[PDB]
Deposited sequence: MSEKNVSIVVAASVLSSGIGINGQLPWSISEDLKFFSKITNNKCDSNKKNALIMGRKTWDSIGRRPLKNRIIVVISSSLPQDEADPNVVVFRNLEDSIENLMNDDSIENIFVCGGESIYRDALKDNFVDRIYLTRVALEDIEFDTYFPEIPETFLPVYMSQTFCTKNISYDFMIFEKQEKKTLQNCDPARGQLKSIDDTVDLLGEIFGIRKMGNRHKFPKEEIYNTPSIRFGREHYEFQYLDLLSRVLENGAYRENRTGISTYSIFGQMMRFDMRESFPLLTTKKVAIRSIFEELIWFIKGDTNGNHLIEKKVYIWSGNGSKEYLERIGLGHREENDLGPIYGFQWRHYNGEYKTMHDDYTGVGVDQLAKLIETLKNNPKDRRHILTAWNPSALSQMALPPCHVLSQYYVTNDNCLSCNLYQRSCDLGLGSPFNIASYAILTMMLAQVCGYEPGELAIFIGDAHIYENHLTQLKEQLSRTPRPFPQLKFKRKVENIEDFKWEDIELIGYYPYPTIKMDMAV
């Protein structure tokens, strides 16, 4: 018995692999990945056999690959005994004689050919599958990769990488000490909630997104999905200011990469425009909710309504005057707030300006902090800061990383919007200060799920993640307040259908 793995780069959705006898993309990192994954061996006296179709053999210019033996499947190509590195077989089955004979082969790889892939799956010869998903679908294909049968299960999903503004992943599909575990279980039986391990139980398979991927959960959307599962598992059913109770856990975190991708969820279509518009609405220090409604953004409607304002003791306030909320504390901290129409120029502390100036004039500083929690202004605010305080960090390789603490997190609505918002903000601060995006760490206090989002989020958990999109700015601005929606280019975003969820006012 010898291992036979499949290596293939297909598109994310339609699984296209070629067009007009060639690849519909040019990713050097992918070809390098193929090279290293096919050259991987233990015995130095052995080589790896590469099975490919005749047309694929024509595609590579009919030239052998070093340290490997290319096996060409063709009904016309003569058995060339000249080249000792290339061999031709009449059928796929006979080509796999490497098992019974020729001990100079350590591993067998199916490298390409839809006609080859399909009958390599149909006749069941494949043990492992190395799938390289590529994020582009608005192009033309003529050669596709056959749908993976249910006999295979994903065991690995790498982070999203970027080459020429193209997002791509690396996945592995597999055909499928006791003492410590037993001891921990026993301690979990003796001590109940006393044992902290029992307070943080591992999510069950029924609510675990892609359960088959256990040790290879490298994709950073899992940082959010596994959190969703954790709140779904250990979430204490508790009440709150709203009539809708939540299942809540305390003390969590999510990590994200922004260098090679953009942390925008693919399991659900997220309204990016509203996120950006809200972000620049903050940056300007604007507190007028109507300005968001005029631009068809209704995320501050429920927390802005006259009824809600009169209910929280702000009946004197205008229809959509949210008060000294986010942005007003960014640009005018400790500034005496009157109405949303007043001109607060020069008043208060401009945290954003000092933040930028400190970021570019003193990068290795440890005080790059933007806060929104003002005890003196909390009573005037329509809604206390959820994404409370953020800190920024300039790495040695000129990258900008962002940490955000969030006191309360709506994993259904608030969370993705926050992730994307601070990602975009980090990118803006990066471009303005002349840096590159780095990492985004979000530390969550009260991580909760509303009881009216149960079926929806459980539906979202039933979706296997896709590679993160890319976010590029079309122009470089001099002032951070000059960003426009037309200046934003979102590349390679192919998410699952949107999920309608109601906001608890």
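- Missing C-alpha coordinates mark the following deposited-sequence intervals, in order: 1-2, 179-192.
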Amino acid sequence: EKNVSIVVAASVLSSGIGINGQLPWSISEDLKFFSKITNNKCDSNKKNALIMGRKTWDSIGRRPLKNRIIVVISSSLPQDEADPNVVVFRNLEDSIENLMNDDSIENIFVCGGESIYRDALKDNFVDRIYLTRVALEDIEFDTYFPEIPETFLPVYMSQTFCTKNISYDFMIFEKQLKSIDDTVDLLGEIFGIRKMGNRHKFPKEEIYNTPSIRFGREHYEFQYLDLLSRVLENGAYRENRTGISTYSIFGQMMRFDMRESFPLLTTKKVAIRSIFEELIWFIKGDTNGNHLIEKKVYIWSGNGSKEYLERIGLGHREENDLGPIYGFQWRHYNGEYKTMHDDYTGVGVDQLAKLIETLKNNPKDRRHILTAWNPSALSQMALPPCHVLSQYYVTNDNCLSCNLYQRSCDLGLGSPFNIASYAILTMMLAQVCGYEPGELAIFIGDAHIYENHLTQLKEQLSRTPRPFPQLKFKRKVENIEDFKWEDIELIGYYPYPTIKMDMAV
From here on, numbers count along this sequence of modelled residues.
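- The mean Cα B-factor in the deposited entry runs higher for 291-299 than for the other of 291-299 and 184-192.
- Stretches compared: 66-74, 39-47. Higher mean C-alpha B-factor in the entry: 39-47.
- Across the options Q431, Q391, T345, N374, the residue with the most elevated CA B-factor in the record is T345.
- Taking the PDB entry at face value, the top CA B factor among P263, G113, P203, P154 belongs to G113.
- In the deposited entry, the Cα temperature factor of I27 sits in the bottom third of values across the chain's modelled residues.
- Compared with the other modelled residues of the chain, the Cα B-factor recorded for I444 ranks in the highest third.
- In the deposited entry, the Cα temperature factor of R475 places it in the middle third of its chain's modelled residues.
- In the PDB entry, a CA B factor belonging to the highest third of its chain's modelled residues is recorded for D103.
- Split the chain's modelled residues into thirds by C-alpha temperature factor. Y496 is in the lowest one.
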